[PDB]
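What you see below is based on every heavy atom in this structure, not just the backbone, and it leaves out hydrogens, waters and symmetry mates. To find a chain, count down the sequence lines: A is the first, B the second, and so on, and within it residues start at 1.
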Number of protein chains: 2
Amino acid sequence: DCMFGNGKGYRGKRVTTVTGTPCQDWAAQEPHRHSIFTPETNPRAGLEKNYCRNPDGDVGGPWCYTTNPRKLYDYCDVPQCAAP
Amino acid sequence: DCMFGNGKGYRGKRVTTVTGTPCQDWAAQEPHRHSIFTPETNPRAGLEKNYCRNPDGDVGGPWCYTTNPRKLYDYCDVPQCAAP
């Protein structure tokens with residue numbers, strides 16, 4: 001369970017942010033509403049359940065909306081696949 | 001101990017690749033000889049001890065030469081710092 005590059009292609013099952021806070025499901029609008037990055041706005045980004053994803057190829061890598069009421073989003077720690 | 005972006009500015013003290021192999025010192029020429037990426041070729045990149053670094057700002061983030069005589073180099077796992 002690892003990514004290549006910035007992980008725009010990453011479809012792994014990591015669900016935890018770098019602080020320990022779980023991800024919010026992409027389909028959920030609670031605790032956090034989100035007008036962007038829903039499974040309907042980004043249908044080919046693999047926004048399934050609450051997996052860490054990088055739908056916009058952010059320089060920071062895979063992230064998610066967090067269940068922390070006070071923090072909207074955060075990065076996840078998804079390792080780089082070992083070099084061949 | 002975390003980075004921003006692709007980790008070109010990361011100056012932490014992580015020293016293990018994603019497989020758990022201790023990194024080789026940048027100054028060292030064993031177990032792997034390397035004429036590029038030493039403290040005396042990239043003096044502004046913080047190629048110190050065997051700390052994971054991204055001197056060229058490669059998409060895959062921080063890496064190092066490895067102490068594994070059969071693996072030249074590999075990525076390290078340096079987490080993005082928590083989002084501000």
Side-chain angles (χ1 to χ4, degrees), chain A residues 1-23 37 45-46 51-66 68 71-84, chain B residues 1-43 45-47 50-68 70-84:
Chain A
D1 195 307
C2 60
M3 57 186 195
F4 305 99
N6 72 18
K8 185 161 203 266
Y10 179 69
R11 299 285 187 288
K13 304 249 179 298
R14 287 176 196 270
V15 294
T16 307
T17 70
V18 295
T19 63
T21 297
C23 290
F37 298 121
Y51 295 140
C52 298
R53 293 292 181 256
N54 193 6
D56 262 13
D58 142 43
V59 73
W63 59 277
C64 60
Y65 292 95
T66 102
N68 186 166
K71 178 154 200 196
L72 180 64
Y73 60 75
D74 215 343
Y75 305 103
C76 302
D77 188 350
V78 180
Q80 200 61 207
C81 297
Chain B
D1 199 313
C2 53
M3 71 185 196
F4 295 102
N6 69 16
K8 196 194 184 189
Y10 171 71
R11 298 293 177 285
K13 305 201 166 162
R14 291 170 188 272
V15 297
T16 312
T17 71
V18 294
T19 70
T21 309
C23 291
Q24 166 185 330
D25 281 4
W26 302 97
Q29 297 291 331
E30 64 97 350
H32 305 97
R33 286 186 23 112
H34 66 286
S35 186
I36 63 176
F37 299 124
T38 99
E40 288 301 313
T41 68
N42 292 256
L47 270 25
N50 62 334
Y51 301 142
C52 297
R53 297 285 186 258
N54 192 9
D56 270 5
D58 117 280
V59 75
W63 60 264
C64 59
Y65 286 98
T66 98
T67 56
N68 171 354
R70 286 352 176 121
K71 199 162 181 175
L72 177 60
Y73 79 87
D74 208 354
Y75 304 100
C76 306
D77 187 351
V78 354
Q80 285 292 313
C81 292

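Here the CG-NZ distance, from B:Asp56 to B:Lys8, works out to 7.5 Å after rounding to the nearest 0.5 Å. Distance CZ/B:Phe37 to OG/B:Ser35: 11.0 Å, rounded to 0.5 Å.
Between B:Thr41 and B:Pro43, the shortest heavy-atom distance links the atoms C-CD, 3.3 Å. Across all non-hydrogen atoms, the minimal contact from B:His34 to B:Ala28 is CE1-O, 2.7 Å. Closest non-hydrogen pair, A:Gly7 versus A:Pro62, comes out as O-CG, 4.3 Å. In terms of heavy atoms, A:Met3 sits closest to A:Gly5 at CE-O, 3.6 Å.
Every side-chain contact (heavy atoms from CB on, under 4.5 Å) that A:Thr21 has, sequence neighbours left out, goes to A:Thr17, A:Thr19, A:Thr66, A:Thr67, A:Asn68. The salt bridge (charged side-chain N to carboxylate O under 4.0 Å, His left out) test applied to B:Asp1 returns B:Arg14, not counting sequence neighbours.
No donor-acceptor pair closer than 3.5 Å links the side chain of A:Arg53 to the backbone N or O of A:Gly9. Listed for the B:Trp26 side chain is a donor-acceptor partner under 3.5 Å among the backbone atoms of B:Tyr51. One N or O on the side chain of B:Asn54 and one on the backbone of B:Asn6 form a donor-acceptor pair closer than 3.5 Å.
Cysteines A:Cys23 and A:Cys76 keep their SG atoms at least 2.5 Å away from one another.
Applying the side chain to side chain donor-acceptor pair (under 3.5 Å) test to residues at least two apart or on different chains, the pairs with a partner in residues 73-84 of chain B are B:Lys71-B:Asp74.
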Exercise for the section: In sequence, state the C-alpha distance, the side-chain angles, and the governing distance for B:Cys64 and B:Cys52, and then conclude on disulfide bond (SG atoms under 2.5 Å apart). Expected result: CA-CA 5 Å; B:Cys64 59; B:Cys52 297; 4.5 Å; no
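Here B:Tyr65 and B:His32 keep their ring centres 6.0 angstrom or further from each other.
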